[PDB]
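Take a look at this one chain, the form deposited in one PDB entry, written out in C-alpha cells.
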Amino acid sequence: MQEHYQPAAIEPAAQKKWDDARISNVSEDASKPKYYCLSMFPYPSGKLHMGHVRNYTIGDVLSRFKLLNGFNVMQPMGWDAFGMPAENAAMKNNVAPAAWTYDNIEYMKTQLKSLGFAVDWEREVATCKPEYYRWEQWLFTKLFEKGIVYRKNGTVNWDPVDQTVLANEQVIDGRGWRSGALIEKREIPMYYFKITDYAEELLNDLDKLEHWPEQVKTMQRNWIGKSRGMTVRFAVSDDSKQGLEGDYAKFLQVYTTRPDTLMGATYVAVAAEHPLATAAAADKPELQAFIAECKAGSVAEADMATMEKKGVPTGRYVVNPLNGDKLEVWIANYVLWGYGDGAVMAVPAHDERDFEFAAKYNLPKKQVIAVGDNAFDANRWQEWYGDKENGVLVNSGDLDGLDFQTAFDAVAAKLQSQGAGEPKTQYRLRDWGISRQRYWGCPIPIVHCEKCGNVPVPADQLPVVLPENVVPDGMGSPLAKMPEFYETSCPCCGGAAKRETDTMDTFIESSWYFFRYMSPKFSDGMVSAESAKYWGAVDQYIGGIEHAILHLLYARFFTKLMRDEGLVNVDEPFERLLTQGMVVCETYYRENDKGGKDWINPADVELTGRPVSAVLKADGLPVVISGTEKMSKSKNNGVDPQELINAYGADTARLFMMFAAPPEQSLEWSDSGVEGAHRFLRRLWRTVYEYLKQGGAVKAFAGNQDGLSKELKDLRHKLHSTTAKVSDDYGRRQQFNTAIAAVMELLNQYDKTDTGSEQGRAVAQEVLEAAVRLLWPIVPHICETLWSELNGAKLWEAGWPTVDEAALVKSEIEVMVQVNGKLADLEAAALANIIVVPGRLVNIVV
C-alpha cells in the first residue's frame, strides 16, 4: 500500500474493477429485489456544471447504498437533447445542432464516467435520436385520433425582427428580449394535450404520494387549482342593453368560489374581451384604450398575481339576483378571458384583491361575514375578513347566522329555484400547448391534406425523421423553409400534402424517458411489457426543485396516459422524490468604462490569517469582491467541476458536494470546504495505512464481547451506533452531511483508543471495515481501494454493515441496599435509593 493518497492512481483502477464486474449493468432478474433510482437527466449543454455533480452524486449515494443492501439497482443516464441551446449554438458557431449535441454527449459522458457514478450505460438514451422520439410521435398519433391531442387556434407573441415566436417570459414591456421590437399577437393553429380531462386524477392521486415533500404536492394542487363554486347570473339592467346580443343582453354570468358572500357584492368585473366591455367601449375612447392595453399584455403566470390590478367603469349595470342591488360593471385587467365566464363579482370586505381594488377606486365594501366579536374596519384589511371556516353571515337577510357550507347550499337552492345559478366545479389548469416554432425538436407526426384534413402519420411510417443536416440561420423556423422536408404525399389518399413543420415542446421527451430506460432498445413499443412489469415505478427520483410543477405534472400525466393505453400498470411514476437546492458562489468584477461592471470567473481569481482583497491570478492586479448568488453565465461565477476533478480527484468532489449542505439547501462554493474534504480523505487513507503498517489485516471482531475491555466495548458501541446513524441517514433522512460527520466521530474515538492488543486489532479491523463500507456510497474509489487492503472479499458482496445490537447494551448495575444491615458511583446511587463491599452490597450506615 502506497503511503500517500493519490486519487489519479486509484480512481481509474476502481472504475475498471466495477466496469469489469458489470455491477451496474442490470437485467430483469426476478432473483434479486429491484430498486430503480433515477436522477433527472441533463441537457447535453457542453460540459457538466456543479449542479450536475451535486445531483448525480446524491443519486449515486442512494444507488450504491441500495446496491450494498442487496437490491438489483437500476441507475440509468441519458440525454435530454432537443431544445434551444443547440439552435443558439448553431447560429453562433455555424454548426449543426445535431453535431453540436453529439459532441457534447460524448464529452459529458466521459466526465460522468470519471466521477465514478454506478450507471447502467447499456441503458443510455439520447432523446434526439429517431429510435427514441418515434415512440412519442407514436403516442401522439394514438391520442390525436382519440381527441386527447387536438388542434386549435391559439394566440402567440410574434417577434417580427427575429422572425420567431416568444414565450411571455421573453417579452419585456411588449418587446422581444433580444430584438427589442414590439411583439405581435397572432392567432395560429396549434396542438394541445387535453390534460384538463385528467385534472381530477392528477389532483387526487397526489394524496397517494406519502414520500413526496408536502410543498411539491401543495404546488401541484395550486397549479391544478380545482375550486367548488357557484355560477351566478346577474340580469342586465334595462338601461344597459345597448349593443348586446343573445344571453349577453339578458344576463352577466359569473363564477364565484364565495357564494356565501353574494349579499356583499358591490360591483362586477369583466374581461377586456367580454361582450359587455365591447358594447360599453363602443363610444368611450378610454375604454377602447384600456381594452387594447389588456390585450397587448404578456404577463407570465408566475407574475400574474404581482401585476398591478386596474379597471375602468363602463356605465353598465346588472342586478344581484339575491338582494336586488344594481351593481356597476367594471372592465378589469385581472379578469382573464377563457377562465370561467371571463367575468367575476367583487366582495371587497372578504377578498383581499377586491379590498385593494375597491380601496383604490373608493368602491363600496359591505361586510357580510362575522368572526366572533372581532371589529370590522372598512379602511384596513384584516386576515379574518377572508376566513371561511370560522365565519357567520351578517347583513344577509334570511341568510344571517349560517356558516360557510350551509350558506353555500342555501344560496345554491335560492339561485337554482330562480334559474339564476347553480353549483359548478372549475380548474385553473389550462390544456398543454405542445406546438413549438423551432427546428431542433421532435417533428409532429401530422400531414396536412386539402382533401383528408390533418392526418396522423401511420405507425408503419414512424418516425417522421427530423433532418440533422441543418444549420439554423435566425430568419424563421428552418423546417418551414425546407420543401424537401414538408412536401409529401397524403398517407390517406396519396395526394399532394404538406408535413406539419412545428416541433414538440421538449417537455414531452422528459415526460416518459423513465419508462424508456426500462427497455431502451425495444423497437416494438414505448416500453416492453416484460420490463415495465418488472421495474414498475421509479423508487427514488432526484432533481432540482425548479421542476416541481411542470415537468412532474407532465410526467404524472404521461404515466396515466400510458397506463390507459395499456403500456404500464402504475398510476404514478415516482414513489420517493428528493428535491435539491441550487449551487451558489461569490461574484467578482472590475469596474467599467461607463459606470457598469465586467464579471470575472472565481477560478481566475486569487484572494489575499484573515483574507482581505482579491486579485486576478494572471497579473496580480486587484478585483472587486461582490455578492454570492446562484452560479450562472450571467455574473460569470460558475466553478467548472472539471477543474475541481483535475485538482483533487472525483472522490473529493463527491465528498464536498455531500458534506457542504443537505440536498434541499443552497450549497455555497468554498475553497476551504473543498480542501477540508480532501484532507479528510488523506486522513482516512493514513488511518488504514498506519493500521496495516503495524501488523497487517486480522479477522474483524465479531460475536460475544464479554471479556472485551471497557475501552474496546466503548469503541464497538460508537461503531454500531454510527452504522445505525448512517443507515438512518441514507435510508430515511436523506441528509448525508450528518452521515459523514458521524463516521468522522467514529474515527475520532478510534484515534483516542489504544487498539494495539490482539483484541484491539480485531476491533480496529471491525471499525475500519465498517467505516469504508459506510462511506463507499459517497467516496467509492478510495473505499474500494482501502477495503481491498483490509479484506479479500468483494466489498459489494460483503454488503452493508449490520448493527450488532449486543454492542449497544450498557454494562448493567445490580446490588443490594441495606440501612443498618437490613434490606463512588455505587455510593451515589444507593443514596438515591458509608460501607460498600466492591460490586455486591452497599450498607448505608445511619
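Residue numbers run from 1 along the displayed sequence. Rigid core here is just the name for the largest C-alpha set that superposes within 1.5 Å across the two forms.
Compared with other PDB entries of the same protein, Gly649 is present in all of those that resolve the residues around it, none of them, let alone a third, dropping it. When the other compared entries with both flanking residues are checked, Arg436 is modelled in all of them, not unmodelled in a third.
In this entry, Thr608 and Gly609 are separated by 4 to 9 residues of the deposited sequence that lack coordinates.
Gap check for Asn833 to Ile834: 10 or more deposited residues are absent from the model. Relative to its counterpart among 591-599 and 139-147, 591-599 has the higher mean temperature factor, C-alpha atoms as listed in the PDB entry. A summary of the deposited B-factors shows that, of 564-572 and 372-380, the stretch with the larger mean C-alpha value is 372-380. Taking the PDB entry at face value, the top CA B factor among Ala459, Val95, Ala269, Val726 belongs to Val95. Highest CA B-factor among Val815, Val803, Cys37, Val779, as stated in the entry: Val815. In the deposited entry, the Cα temperature factor of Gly581 sits in the middle third of values across the chain's modelled residues. Remark: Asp29 belongs to the highest third of its chain, ranked by C-alpha B-factor as recorded. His52: CA B factor in the lowest third of modelled residues in this chain (values from the PDB entry). Among all modelled residues in its chain, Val623 ranks in the highest third by Cα B-factor.
The entry lists a Cα temperature factor for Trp177 that places it in the highest third of the chain's modelled residues.
The following text describes the form deposited in another entry, which does not appear among the structures shown.
Superposing the rigid core between the shown form and the other one leaves a single residue from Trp121, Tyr427, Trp177, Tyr486 with a C-alpha shift of at least 2 Å: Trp177. For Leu399, the Cα coordinates differ by under 2 angstroms between the shown form and the other one after the core has been superposed.
Relative to the superposed rigid core, the position of the CA of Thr306 differs between the shown form and the other one by 2 Å or more. After superposition on the rigid core, displacement of the C-alpha of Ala289 between the shown form and the other one amounts to 2 Å or more.
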